[PDB]
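The data block below is protein_24.cif; it holds mmCIF, C-alpha atoms and all ligand atoms.
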data_run
#
loop_
_atom_site.label_atom_id
_atom_site.label_comp_id
_atom_site.auth_asym_id
_atom_site.auth_seq_id
_atom_site.Cartn_x
_atom_site.Cartn_y
_atom_site.Cartn_z
CA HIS I 4 -4.02 -12.17 16.79
CA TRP I 5 -4.85 -11.42 13.17
CA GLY I 6 -3.00 -12.55 10.07
CA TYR I 7 -3.50 -14.03 6.62
CA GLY I 8 -4.01 -17.72 7.44
CA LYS I 9 -7.09 -19.91 7.39
CA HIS I 10 -7.79 -19.37 11.06
CA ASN I 11 -6.91 -15.67 11.46
CA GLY I 12 -7.22 -14.19 7.95
CA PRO I 13 -9.47 -11.58 6.34
CA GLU I 14 -12.72 -13.52 6.90
CA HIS I 15 -12.09 -13.45 10.68
CA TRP I 16 -11.03 -9.82 11.09
CA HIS I 17 -14.55 -8.49 11.69
CA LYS I 18 -14.78 -10.21 15.10
CA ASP I 19 -12.07 -7.98 16.57
CA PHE I 20 -12.54 -5.08 14.11
CA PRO I 21 -16.24 -4.73 13.26
CA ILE I 22 -15.52 -1.87 10.86
CA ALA I 23 -14.31 -4.61 8.56
CA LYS I 24 -17.96 -4.68 7.41
CA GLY I 25 -18.22 -0.89 7.18
CA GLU I 26 -19.34 1.49 4.48
CA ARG I 27 -15.96 2.51 3.02
CA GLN I 28 -13.66 -0.53 3.22
CA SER I 29 -10.64 -1.22 1.01
CA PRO I 30 -9.47 -2.66 -1.30
CA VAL I 31 -12.11 -2.71 -4.06
CA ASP I 32 -12.37 -3.91 -7.63
CA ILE I 33 -11.92 -1.04 -10.08
CA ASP I 34 -14.46 -1.53 -12.86
CA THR I 35 -12.83 0.57 -15.56
CA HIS I 36 -16.00 0.99 -17.62
CA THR I 37 -18.00 2.29 -14.60
CA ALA I 38 -15.35 4.66 -13.21
CA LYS I 39 -16.27 8.26 -14.06
CA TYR I 40 -13.80 10.61 -15.70
CA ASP I 41 -13.73 13.77 -13.55
CA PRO I 42 -12.32 16.73 -15.53
CA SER I 43 -12.09 18.77 -12.32
CA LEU I 44 -9.46 16.41 -10.84
CA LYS I 45 -6.00 17.93 -10.83
CA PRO I 46 -2.70 16.25 -11.69
CA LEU I 47 -1.01 14.60 -8.77
CA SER I 48 1.95 16.45 -7.30
CA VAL I 49 4.51 13.92 -6.02
CA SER I 50 7.42 15.80 -4.42
CA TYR I 51 9.95 13.19 -3.27
CA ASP I 52 13.25 14.99 -4.04
CA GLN I 53 14.03 15.63 -0.35
CA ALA I 54 12.83 12.24 0.96
CA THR I 55 14.81 10.88 3.92
CA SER I 56 14.43 7.11 4.27
CA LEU I 57 15.53 5.73 7.64
CA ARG I 58 14.87 2.04 8.24
CA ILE I 59 13.25 -1.13 6.91
CA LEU I 60 11.21 -3.30 9.30
CA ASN I 61 9.65 -6.78 9.05
CA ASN I 62 6.50 -6.28 11.13
CA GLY I 63 5.23 -9.86 10.79
CA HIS I 64 2.71 -8.94 8.06
CA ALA I 65 4.85 -7.12 5.45
CA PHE I 66 7.97 -4.98 5.46
CA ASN I 67 7.82 -1.19 5.88
CA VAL I 68 10.39 1.27 4.53
CA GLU I 69 10.11 4.19 6.95
CA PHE I 70 10.79 7.88 6.32
CA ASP I 71 11.47 10.98 8.38
CA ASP I 72 8.04 12.64 8.56
CA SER I 73 8.99 15.34 11.11
CA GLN I 74 9.21 17.95 8.30
CA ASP I 75 7.73 18.43 4.80
CA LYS I 76 10.43 16.42 3.00
CA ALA I 77 8.47 14.02 0.79
CA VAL I 78 4.89 15.12 0.19
CA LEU I 79 1.87 14.31 -1.92
CA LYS I 80 -0.57 17.07 -2.94
CA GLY I 81 -2.96 17.83 -5.75
CA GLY I 82 -5.19 15.27 -7.39
CA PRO I 83 -8.31 14.85 -5.24
CA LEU I 84 -6.52 16.14 -2.14
CA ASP I 85 -6.75 19.41 -0.29
CA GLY I 86 -3.63 20.25 1.66
CA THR I 87 -0.33 18.50 2.15
CA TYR I 88 0.28 14.85 2.96
CA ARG I 89 3.65 13.64 4.26
CA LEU I 90 5.18 10.29 3.33
CA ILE I 91 5.62 8.10 6.42
CA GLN I 92 6.29 4.64 4.95
CA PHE I 93 5.80 2.35 2.00
CA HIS I 94 5.15 -1.39 1.91
CA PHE I 95 3.90 -4.08 -0.47
CA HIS I 96 1.37 -6.90 -0.64
CA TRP I 97 2.19 -9.95 -2.77
CA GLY I 98 1.19 -13.48 -3.65
CA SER I 99 2.52 -17.02 -3.59
CA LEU I 100 2.05 -17.14 -7.40
CA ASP I 101 2.44 -14.46 -10.09
CA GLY I 102 -1.34 -14.51 -10.77
CA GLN I 103 -2.31 -13.09 -7.38
CA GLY I 104 -1.02 -10.67 -4.77
CA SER I 105 -2.61 -7.27 -5.39
CA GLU I 106 -5.32 -5.90 -3.13
CA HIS I 107 -7.08 -3.70 -5.66
CA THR I 108 -8.11 -5.44 -8.87
CA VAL I 109 -8.83 -3.95 -12.30
CA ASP I 110 -11.84 -5.47 -14.05
CA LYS I 111 -11.26 -8.40 -11.67
CA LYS I 112 -7.63 -8.78 -12.80
CA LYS I 113 -5.14 -9.46 -10.00
CA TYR I 114 -1.56 -8.26 -10.27
CA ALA I 115 1.45 -10.06 -8.76
CA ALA I 116 1.90 -7.38 -6.07
CA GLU I 117 0.86 -3.88 -5.02
CA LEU I 118 2.95 -1.04 -3.57
CA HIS I 119 1.38 1.33 -1.02
CA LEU I 120 3.03 4.71 -0.33
CA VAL I 121 1.36 5.96 2.84
CA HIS I 122 1.01 9.70 3.55
CA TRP I 123 -0.73 11.64 6.36
CA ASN I 124 -2.47 15.02 6.32
CA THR I 125 -0.27 17.58 8.06
CA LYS I 127 -3.25 19.52 9.42
CA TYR I 128 -3.67 16.72 11.99
CA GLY I 129 -0.12 17.02 13.35
CA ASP I 130 0.83 13.34 13.63
CA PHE I 131 -0.04 10.01 11.99
CA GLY I 132 -1.90 8.68 15.04
CA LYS I 133 -4.27 11.64 15.00
CA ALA I 134 -4.61 11.47 11.21
CA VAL I 135 -5.93 7.90 11.20
CA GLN I 136 -8.90 9.06 13.30
CA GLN I 137 -10.06 11.44 10.54
CA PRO I 138 -11.97 10.71 7.31
CA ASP I 139 -9.38 12.70 5.29
CA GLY I 140 -6.38 11.74 7.42
CA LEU I 141 -4.37 9.61 4.97
CA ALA I 142 -3.62 9.46 1.26
CA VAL I 143 -2.28 6.16 -0.04
CA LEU I 144 -0.73 5.98 -3.49
CA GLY I 145 -1.20 2.45 -4.85
CA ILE I 146 0.93 1.05 -7.68
CA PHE I 147 0.47 -2.36 -9.30
CA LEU I 148 3.41 -4.72 -9.96
CA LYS I 149 3.45 -7.14 -12.88
CA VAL I 150 6.19 -9.69 -13.53
CA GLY I 151 8.38 -9.02 -16.56
CA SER I 152 11.52 -6.90 -16.73
CA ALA I 153 13.33 -5.95 -13.51
CA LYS I 154 12.66 -2.62 -11.81
CA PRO I 155 16.14 -1.18 -11.13
CA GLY I 156 14.90 1.15 -8.41
CA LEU I 157 13.50 -1.81 -6.44
CA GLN I 158 16.76 -3.76 -6.27
CA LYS I 159 18.13 -2.02 -3.14
CA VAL I 160 14.96 -3.12 -1.31
CA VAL I 161 15.29 -6.69 -2.61
CA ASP I 162 18.90 -6.95 -1.51
CA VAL I 163 18.30 -6.00 2.15
CA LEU I 164 15.49 -8.52 2.72
CA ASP I 165 17.90 -11.27 3.80
CA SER I 166 18.74 -9.11 6.82
CA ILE I 167 15.10 -8.72 7.94
CA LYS I 168 13.92 -12.25 7.26
CA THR I 169 11.82 -12.65 10.40
CA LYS I 170 9.24 -10.68 12.38
CA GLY I 171 10.68 -7.84 14.44
CA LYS I 172 13.96 -7.49 12.56
CA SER I 173 14.95 -4.09 11.19
CA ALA I 174 17.89 -2.65 9.29
CA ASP I 175 19.24 0.79 8.43
CA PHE I 176 17.81 1.90 5.11
CA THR I 177 19.05 5.44 4.50
CA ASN I 178 19.40 7.26 1.19
CA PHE I 179 16.72 5.29 -0.69
CA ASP I 180 14.94 7.27 -3.43
CA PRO I 181 11.27 6.23 -3.78
CA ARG I 182 11.04 8.03 -7.14
CA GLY I 183 12.62 4.89 -8.60
CA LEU I 184 9.42 2.95 -7.84
CA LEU I 185 7.04 5.13 -9.89
CA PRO I 186 5.74 4.39 -13.42
CA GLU I 187 5.95 6.97 -16.20
CA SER I 188 2.31 8.13 -16.05
CA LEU I 189 0.54 9.55 -13.00
CA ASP I 190 -2.95 8.88 -14.40
CA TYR I 191 -5.05 7.52 -11.55
CA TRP I 192 -8.34 6.35 -10.09
CA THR I 193 -9.48 7.67 -6.71
CA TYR I 194 -12.11 6.75 -4.12
CA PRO I 195 -12.65 7.05 -0.32
CA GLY I 196 -11.61 3.94 1.62
CA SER I 197 -9.76 2.41 4.53
CA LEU I 198 -6.59 0.84 5.81
CA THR I 199 -6.39 -2.70 4.40
CA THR I 200 -5.05 -4.29 7.59
CA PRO I 201 -6.46 -4.05 11.12
CA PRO I 202 -7.48 -1.63 12.53
CA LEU I 203 -9.15 -1.09 9.09
CA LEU I 204 -9.82 2.58 9.89
CA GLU I 205 -11.86 4.52 7.33
CA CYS I 206 -9.36 7.35 6.96
CA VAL I 207 -7.84 6.91 3.47
CA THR I 208 -8.20 8.76 0.19
CA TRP I 209 -7.01 6.07 -2.22
CA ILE I 210 -5.13 7.11 -5.35
CA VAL I 211 -4.41 4.05 -7.54
CA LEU I 212 -2.18 4.53 -10.59
CA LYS I 213 -3.38 3.08 -13.88
CA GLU I 214 0.11 2.16 -15.15
CA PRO I 215 1.76 -0.82 -13.38
CA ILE I 216 5.49 -1.12 -12.85
CA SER I 217 7.29 -4.25 -14.05
CA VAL I 218 9.48 -6.27 -11.70
CA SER I 219 11.43 -9.42 -12.48
CA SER I 220 10.53 -12.94 -11.41
CA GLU I 221 13.72 -12.95 -9.31
CA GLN I 222 12.72 -9.78 -7.48
CA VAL I 223 9.30 -11.10 -6.45
CA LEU I 224 10.81 -14.50 -5.57
CA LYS I 225 12.91 -12.71 -2.97
CA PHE I 226 9.81 -11.14 -1.42
CA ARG I 227 8.46 -14.69 -1.04
CA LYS I 228 11.49 -15.78 1.02
CA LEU I 229 10.56 -13.49 3.90
CA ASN I 230 8.93 -15.01 7.00
CA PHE I 231 5.79 -14.13 8.95
CA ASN I 232 7.30 -15.84 12.02
CA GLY I 233 9.92 -14.61 14.45
CA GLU I 234 13.42 -16.02 14.62
CA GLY I 235 13.52 -19.42 16.28
CA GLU I 236 9.92 -20.18 15.35
CA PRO I 237 8.72 -22.62 12.67
CA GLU I 238 9.12 -21.09 9.24
CA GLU I 239 5.99 -19.66 7.60
CA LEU I 240 6.73 -17.95 4.29
CA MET I 241 5.45 -14.38 4.01
CA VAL I 242 3.19 -14.81 0.95
CA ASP I 243 -0.43 -13.96 0.17
CA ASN I 244 -0.51 -11.01 2.57
CA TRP I 245 -3.34 -9.32 0.66
CA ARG I 246 -6.93 -8.56 1.62
CA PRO I 247 -9.44 -9.38 -1.16
CA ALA I 248 -11.75 -6.82 -2.76
CA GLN I 249 -14.55 -5.54 -0.53
CA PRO I 250 -18.04 -4.29 -1.47
CA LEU I 251 -18.06 -0.88 -3.12
CA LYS I 252 -21.35 0.08 -1.43
CA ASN I 253 -22.27 3.75 -1.82
CA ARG I 254 -19.08 4.92 -3.52
CA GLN I 255 -18.05 6.11 -6.95
CA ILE I 256 -14.55 5.61 -8.33
CA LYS I 257 -13.33 8.64 -10.29
CA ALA I 258 -10.72 8.62 -13.08
CA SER I 259 -8.25 11.41 -13.77
CA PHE I 260 -8.04 10.40 -17.43
CA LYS I 261 -10.31 9.59 -20.36
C1 LIG P 301 -0.86 -2.92 13.88
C2 LIG P 301 -1.67 -1.69 14.29
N1 LIG P 301 -1.78 -0.70 13.21
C3 LIG P 301 -1.63 -0.92 11.92
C4 LIG P 301 -1.82 0.29 11.24
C5 LIG P 301 -1.76 0.53 9.74
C6 LIG P 301 -2.36 -0.29 8.77
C7 LIG P 301 -2.04 0.31 7.55
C8 LIG P 301 -2.44 -0.17 6.17
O1 LIG P 301 -3.43 -0.93 6.00
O2 LIG P 301 -1.76 0.21 5.18
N2 LIG P 301 -1.34 1.40 7.83
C9 LIG P 301 -0.81 2.36 6.87
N3 LIG P 301 -1.19 1.53 9.13
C10 LIG P 301 -2.10 1.25 12.21
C11 LIG P 301 -2.39 2.62 12.18
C12 LIG P 301 -2.63 3.29 13.37
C13 LIG P 301 -2.58 2.62 14.59
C14 LIG P 301 -2.31 1.26 14.63
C15 LIG P 301 -2.06 0.58 13.43
ZN ZN P 302 -1.00 -1.83 2.17
#
The structure given in the file should be rewritten as C-alpha cells.
Amino acid sequence: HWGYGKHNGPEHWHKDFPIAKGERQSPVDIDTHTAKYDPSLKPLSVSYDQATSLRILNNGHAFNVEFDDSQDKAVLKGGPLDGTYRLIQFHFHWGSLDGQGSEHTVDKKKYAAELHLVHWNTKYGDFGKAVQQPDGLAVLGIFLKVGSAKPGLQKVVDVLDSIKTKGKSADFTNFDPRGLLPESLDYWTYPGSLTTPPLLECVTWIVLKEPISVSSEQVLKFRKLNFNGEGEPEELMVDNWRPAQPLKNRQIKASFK
C-alpha cells in the first residue's frame, strides 16, 4: 500500500494509479514570471462564518479536520469557480526540516508546510460523485513559513497528542478555520488533481500568494505524529508531500498584477 517512503512513495504510485502520469497532475511549480494575470478573474468568496467542525483524524498519511458538509455552512465561491463548493475537510503536508514540506513551489522555493482546504461542488450531490468530475473539487492551498506563531493554529497543535497514531480520532468541534487564512486573498489558479492516491483529476487549485507564519514549536509538534498504528514500530509522520509534477498543457493564472 502506498505511502511516502523509499519503497512506496511518489515514484511508485503510478503502478497502482496510472493517472499519476496524466495530463493534469498536482502539485506543480508556480513560475511567477510566466503566470498570466487574468483581469476577468473575480475575488474569492470565502464564507466560513457558519462552519461546523466535527472531528480530527490521523489517517496514516496526514491528519484531517472534518466538517459537516450536509448543508451550505462553509462554502467557497467566486474566483475561477462557477457555483458553490462546500468545505469537507482540511489537512496539511509538511517536512522533516524547515526548508521542505510544501507540495506546490514558487519559483522552485519550498515552504515548510502547506495547508489544503478541500471543497466539493454541490451540483454533484456528494464528495464521492464530485471526485469523478473535472470540476468536482476546489482546493484552497496556503503556504506555511516558520517565524511567528499562528494563534489560530494552536488548537490543532494541542490535540495532536491524542491522535498520535494511524486510525485515532478525536472530537474537534467549534474550530474556526478563518484563523488559518492570511490577510490577502490574492491567488494563482490552475486545473489539477488530488495529490495523494487515487490522484483523480478533479481539482480546481487556488493557491494563495501570501503565506501564513507558524512557529518552530508548532511545526515541531506536527513532526511528532506517527504514520504507524499504535503498537507498531514508530515512524515519524514527516515529508508527506508529493513533489512538483510536469505542467504539460496548462497555464497558471494570477488574480493580481
Ligand atoms: C484513500 C482513498 N482516497 C483518498 C482521497 C483523497 C485524496 C485527497 C487529496 O489529495 O487531497 N483528497 C482530498 N481526498 C479520496 C477521494 C475519494 C475516494 C477515495 C480517496
Ligand atoms: Zn493535500
> How many Å lie between atom CA of residue I:53 and atom CA of residue I:88, rounded to one decimal?
Replying inline: 14.2 Å
> Between I:74, I:37, I:61, I:92, which is the closest to residue I:169 once you count all atoms listed in the file?
Replying inline: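 Once distances to residue I:169 are computed over all atoms listed in the file, the minimum belongs to I:61.
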> When distances are computed from all atoms listed in the file, which of I:106, I:72, I:221, I:32 shows the smallest separation from ligand LIG 301 (chain P)?
Replying inline: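 Using all atoms listed in the file, ligand LIG 301 (chain P) sits closest to I:106.
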> Within 10 Å of residue I:158, counting only C-alpha atoms, which residues qualify if same-chain residues fewer than 6 places away don't, as a PyMOL selection string?
Replying inline: chain I and resi 183+218-219+222
> Which neighbours of residue I:100 fall inside 9 Å, counting all atoms listed in the file, when residues of the same chain fewer than 2 positions from it are skipped, and could you give them as a list in words?
Replying inline: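 The contact residues come out as residues 97, 98, 102, 103, 104, 115, 242 and 243 of chain I.
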Can you write just those residues out, C-alpha atoms, as a CSV table (one decimal), in the frame of the given file?
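Once written, selection.csv looks like this:
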chain,number,residue,atom,x,y,z
I,97,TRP,CA,2.2,-10.0,-2.8
I,98,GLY,CA,1.2,-13.5,-3.6
I,102,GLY,CA,-1.3,-14.5,-10.8
I,103,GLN,CA,-2.3,-13.1,-7.4
I,104,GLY,CA,-1.0,-10.7,-4.8
I,115,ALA,CA,1.4,-10.1,-8.8
I,242,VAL,CA,3.2,-14.8,1.0
I,243,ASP,CA,-0.4,-14.0,0.2
> When the cut-off is 7 Å and you count all atoms listed in the file, which residues lie near ligand LIG 301 (chain P), shown as a ChimeraX atom specification?
Replying inline: /I:121,132,135,198-203
> Residues at most 12 Å from ligand ZN 302 (chain P), using all atoms listed in the file? Could they come as number ranges by chain?
Replying inline: I: 29-30, 64-67, 92-97, 104-107, 116-122, 142-147, 197-201, 203, 207, 209, 211, 244-247
>> Just to confirm, what's the straight-line distance from atom CA of residue I:192 to atom CA of residue I:156 in Å (one decimal)?
In response: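 Spanning atom CA of residue I:192 to atom CA of residue I:156 is a straight-line distance of 23.9 Å.
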> What lies within 7 Å of residue I:217 using only C-alpha atoms, ignoring chain neighbours under 3 positions off, as a ChimeraX atom specification?
Replying inline: /I:148-154
>> So the first atom is atom CA of residue I:137 and the second is atom CA of residue I:27; what is the distance between them in Å, to one decimal place?
In response: 13.1 Å
> Leaving out residue I:175 and any residue of its chain fewer than 2 positions from it, which residues lie within 9 Å of it when counting all atoms listed in the file, given as an NGL selection string?
Replying inline: :I and (56-59 or 173 or 177)
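Using only C-alpha atoms, the nearest neighbour of residue I:237 within the list I:24, I:170, I:254, I:261 is I:170.
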> With distances taken over all atoms listed in the file, which of I:250, I:235, I:46, I:196 is nearest to residue I:168?
Replying inline: I:235
> Which residue, I:80, I:89, I:172, I:10, has the smallest gap to residue I:234 when you use all atoms listed in the file?
Replying inline: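 For residue I:234, the nearest of the candidates is I:172.
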> Restricting the calculation to only C-alpha atoms, which member of I:224, I:81, I:212, I:15 is positioned closest to residue I:185?
Replying inline: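 Result for the nearest residue to residue I:185: I:212.
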As lines of an AutoDock Vina configuration file: centre and edge lengths in Å, one decimal, of the axis-aligned box holding stretch 190-205 of chain I with 6 Å per side:
center_x = -7.8
center_y = 2.3
center_z = -0.9
size_x = 21.7
size_y = 25.2
size_z = 38.9
If I only have part of stretch 234-254 of chain I, can you fill in N, CA and C atoms and write it as a PDB file, keeping the file's coordinate frame?
ATOM      1  N   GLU I 234      12.262 -15.146  14.602  1.00  0.00           N
ATOM      2  CA  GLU I 234      13.420 -16.020  14.620  1.00  0.00           C
ATOM      3  C   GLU I 234      13.235 -17.092  15.688  1.00  0.00           C
ATOM      4  N   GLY I 235      13.644 -18.315  15.359  1.00  0.00           N
ATOM      5  CA  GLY I 235      13.520 -19.420  16.280  1.00  0.00           C
ATOM      6  C   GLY I 235      12.145 -20.031  16.342  1.00  0.00           C
ATOM      7  N   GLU I 236      11.243 -19.606  15.467  1.00  0.00           N
ATOM      8  CA  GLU I 236       9.920 -20.180  15.350  1.00  0.00           C
ATOM      9  C   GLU I 236       9.825 -20.954  14.044  1.00  0.00           C
ATOM     10  N   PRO I 237       8.861 -21.868  13.923  1.00  0.00           N
ATOM     11  CA  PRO I 237       8.720 -22.620  12.670  1.00  0.00           C
ATOM     12  C   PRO I 237       8.487 -21.693  11.491  1.00  0.00           C
ATOM     13  N   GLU I 238       9.122 -22.012  10.369  1.00  0.00           N
ATOM     14  CA  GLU I 238       9.120 -21.090   9.240  1.00  0.00           C
ATOM     15  C   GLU I 238       7.769 -21.089   8.543  1.00  0.00           C
ATOM     16  N   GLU I 239       7.213 -19.892   8.368  1.00  0.00           N
ATOM     17  CA  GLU I 239       5.990 -19.660   7.600  1.00  0.00           C
ATOM     18  C   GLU I 239       6.321 -18.576   6.584  1.00  0.00           C
ATOM     19  N   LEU I 240       6.346 -18.925   5.305  1.00  0.00           N
ATOM     20  CA  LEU I 240       6.730 -17.950   4.290  1.00  0.00           C
ATOM     21  C   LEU I 240       5.726 -16.805   4.252  1.00  0.00           C
ATOM     22  N   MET I 241       6.253 -15.595   4.132  1.00  0.00           N
ATOM     23  CA  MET I 241       5.450 -14.380   4.010  1.00  0.00           C
ATOM     24  C   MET I 241       5.012 -14.262   2.552  1.00  0.00           C
ATOM     25  N   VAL I 242       3.842 -14.854   2.259  1.00  0.00           N
ATOM     26  CA  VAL I 242       3.190 -14.810   0.950  1.00  0.00           C
ATOM     27  C   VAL I 242       1.694 -14.660   1.164  1.00  0.00           C
ATOM     28  N   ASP I 243       1.018 -14.118   0.145  1.00  0.00           N
ATOM     29  CA  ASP I 243      -0.430 -13.960   0.170  1.00  0.00           C
ATOM     30  C   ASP I 243      -0.876 -13.105   1.351  1.00  0.00           C
ATOM     31  N   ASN I 244      -0.185 -11.989   1.530  1.00  0.00           N
ATOM     32  CA  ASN I 244      -0.510 -11.010   2.570  1.00  0.00           C
ATOM     33  C   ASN I 244      -1.374  -9.879   2.027  1.00  0.00           C
ATOM     34  N   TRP I 245      -2.404 -10.255   1.267  1.00  0.00           N
ATOM     35  CA  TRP I 245      -3.340  -9.320   0.660  1.00  0.00           C
ATOM     36  C   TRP I 245      -4.754  -9.585   1.165  1.00  0.00           C
ATOM     37  N   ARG I 246      -5.498  -8.502   1.360  1.00  0.00           N
ATOM     38  CA  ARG I 246      -6.930  -8.560   1.620  1.00  0.00           C
ATOM     39  C   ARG I 246      -7.669  -8.563   0.286  1.00  0.00           C
ATOM     40  N   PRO I 247      -8.692  -9.402   0.103  1.00  0.00           N
ATOM     41  CA  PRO I 247      -9.440  -9.380  -1.160  1.00  0.00           C
ATOM     42  C   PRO I 247     -10.346  -8.153  -1.271  1.00  0.00           C
ATOM     43  N   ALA I 248     -10.854  -7.939  -2.483  1.00  0.00           N
ATOM     44  CA  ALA I 248     -11.750  -6.820  -2.760  1.00  0.00           C
ATOM     45  C   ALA I 248     -13.008  -6.890  -1.899  1.00  0.00           C
ATOM     46  N   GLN I 249     -13.401  -5.733  -1.394  1.00  0.00           N
ATOM     47  CA  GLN I 249     -14.550  -5.540  -0.530  1.00  0.00           C
ATOM     48  C   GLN I 249     -15.684  -4.840  -1.273  1.00  0.00           C
ATOM     49  N   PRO I 250     -16.915  -4.921  -0.765  1.00  0.00           N
ATOM     50  CA  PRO I 250     -18.040  -4.290  -1.470  1.00  0.00           C
ATOM     51  C   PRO I 250     -17.869  -2.791  -1.628  1.00  0.00           C
ATOM     52  N   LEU I 251     -18.179  -2.305  -2.834  1.00  0.00           N
ATOM     53  CA  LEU I 251     -18.060  -0.880  -3.120  1.00  0.00           C
ATOM     54  C   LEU I 251     -19.089  -0.054  -2.346  1.00  0.00           C
ATOM     55  N   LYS I 252     -20.272  -0.619  -2.123  1.00  0.00           N
ATOM     56  CA  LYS I 252     -21.350   0.080  -1.430  1.00  0.00           C
ATOM     57  C   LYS I 252     -21.627   1.436  -2.070  1.00  0.00           C
ATOM     58  N   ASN I 253     -21.818   2.477  -1.273  1.00  0.00           N
ATOM     59  CA  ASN I 253     -22.270   3.750  -1.820  1.00  0.00           C
ATOM     60  C   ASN I 253     -21.073   4.634  -2.143  1.00  0.00           C
ATOM     61  N   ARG I 254     -20.252   4.180  -3.098  1.00  0.00           N
ATOM     62  CA  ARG I 254     -19.080   4.920  -3.520  1.00  0.00           C
ATOM     63  C   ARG I 254     -18.977   4.919  -5.033  1.00  0.00           C
TER      64      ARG I 254
END
